[PDB]
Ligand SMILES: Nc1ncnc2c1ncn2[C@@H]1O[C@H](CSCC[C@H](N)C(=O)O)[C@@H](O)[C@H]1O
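A single chain, nothing else alongside it, follows as structure tokens in the form deposited without the ligand.
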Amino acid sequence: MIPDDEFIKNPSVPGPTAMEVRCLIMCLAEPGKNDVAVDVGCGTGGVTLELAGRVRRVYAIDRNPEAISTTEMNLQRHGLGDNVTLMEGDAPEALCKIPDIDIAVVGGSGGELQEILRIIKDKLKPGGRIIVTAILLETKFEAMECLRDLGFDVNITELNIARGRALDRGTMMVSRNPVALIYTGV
């Protein structure tokens, strides 16, 4: 899978998300060449780039113009983006113009996490998956509470990753920052 260092970043644009995390988001998302997925807060584009090649169509949304721009750049360098619709705009309004979805990945909550999830539940085909990524503490709580309030079966997994860096003196373990995945069962 495309390792972190292989992605073009940006100052005002966070990401890419740790490969280990991206790897797990895909395992939970349970892709498919016939699935329609939406990725909110596509940021650097990691999550979008991955899905761009395992489903029918992916809607990448992000209020920050730089993010939509940053994702596009990576999509182009990897020659992907055919089944990807970029959307410059607020998440709630961006979602309303989209068909029902099979997969839903919500990155940077954007302080609109609750409203964002509410909408997603109204457009979730049967057996749909909803995966919420969280970097902020307050975000994990809100993600559990809302998804629960919408009648979903919420689960949460915290991932503390450490990779080894080759030094002259030997190998050192470099830590990533904690990343929790709040998701709904099938």
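Numbers follow the displayed sequence, beginning with 1. If you superpose the two forms and keep the largest set of C-alpha atoms that fall within 1.5 Å, you have the rigid core.
A.B. asks: Relative to the presented form, and with the rigid core used for superposition, do the C-alpha atoms of 19 to 27 or of 163 to 171 deviate more in 4 other deposited structures of this protein?
C.D. replies: Once the cores are fitted, 163 to 171 deviates more in 4 other deposited structures of this protein.
A.B. asks: Could you check the entry and say whether 153 to 161 or 61 to 69 has the higher mean CA B-factor?
C.D. replies: The deposited B-factors put 61 to 69 ahead on the C-alpha mean.
A.B. asks: Averaged over C-alpha atoms, is the B-factor higher for 30 to 38 or for 113 to 121 in this PDB entry?
C.D. replies: Stretch with the greater average CA B-factor: 30 to 38.
A.B. asks: Looking at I103, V84, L95, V106, which has the highest Cα B-factor in the entry?
C.D. replies: By C-alpha B-factor in the record, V84 ranks first.
A.B. asks: Considering every modelled residue of the chain and its Cα B-factor in the PDB entry, is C146 in the lowest, middle or highest third?
C.D. replies: Middle third, going by the recorded CA B-factors of the chain.
A.B. asks: Sort the modelled residues of this chain by their C-alpha B factor and say whether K140 lands in the lowest, middle or highest third.
C.D. replies: It falls in the middle third of the chain.
A.B. asks: Check where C23 lands among this chain's C-alpha B-factors and tell me if it's the lowest, middle or highest third.
C.D. replies: As the PDB entry reports it, the C-alpha B-factor of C23 lands in the lowest third of its chain.
A.B. asks: Ordered by C-alpha B-factor within the chain, which third holds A166? Give me lowest, middle or highest, please.
C.D. replies: Its C-alpha B-factor, which the entry lists for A166, ranks in the middle third among residues of this chain.
A.B. asks: Relative to the other modelled residues in the chain, which third contains the C-alpha temperature factor of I130: lowest, middle or highest?
C.D. replies: It belongs to the lowest third of the chain when residues are ordered by C-alpha B-factor.
The form deposited with the ligand bound exists for this protein as well; it is not shown, and the discussion that follows is about that form.
A.B. asks: Determine the site state, open or blocked: transfer the ligand from its pose in the deposited bound form by superposing the nearby C-alphas, then count ligand atoms within 2.4 Å of any backbone or C-beta atom, with 3 or more meaning blocked.
C.D. replies: Output flag = open.
A.B. asks: Name the residue from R129, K140, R57, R63 that puts a heavy atom within 4.5 Å of the ligand in the deposited bound form.
C.D. replies: Going through each option in turn, the one that passes is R63.
A.B. asks: Please tell me whether any heavy atom belonging to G110 falls inside 4.5 Å of a heavy atom of the ligand, as the geometry stands in the deposited bound form.
C.D. replies: Within the cut-off, so yes.
A.B. asks: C42 versus the ligand, in the deposited bound form: is there a non-hydrogen atom within 4.5 Å?
C.D. replies: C42 belongs to the contact set for the ligand.
A.B. asks: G89 near the ligand in the deposited bound form, any heavy atom under 4.5 Å?
C.D. replies: Yes - in the deposited bound form, heavy atoms of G89 and the ligand come within 4.5 Å of each other.
A.B. asks: May I ask you to state whether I101 is within 4.5 Å of the ligand in the deposited bound form, using heavy atom distances?
C.D. replies: It does not: once the ligand is placed as it appears in the deposited bound form, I101 has no heavy atom within 4.5 Å of it.
A.B. asks: Go through 146 to 154, 46 to 54, 29 to 37, 120 to 128 and give me the stretch that gets within 4.5 Å of the ligand in the deposited bound form, heavy atoms only.
C.D. replies: Result of the contact check: 46 to 54.
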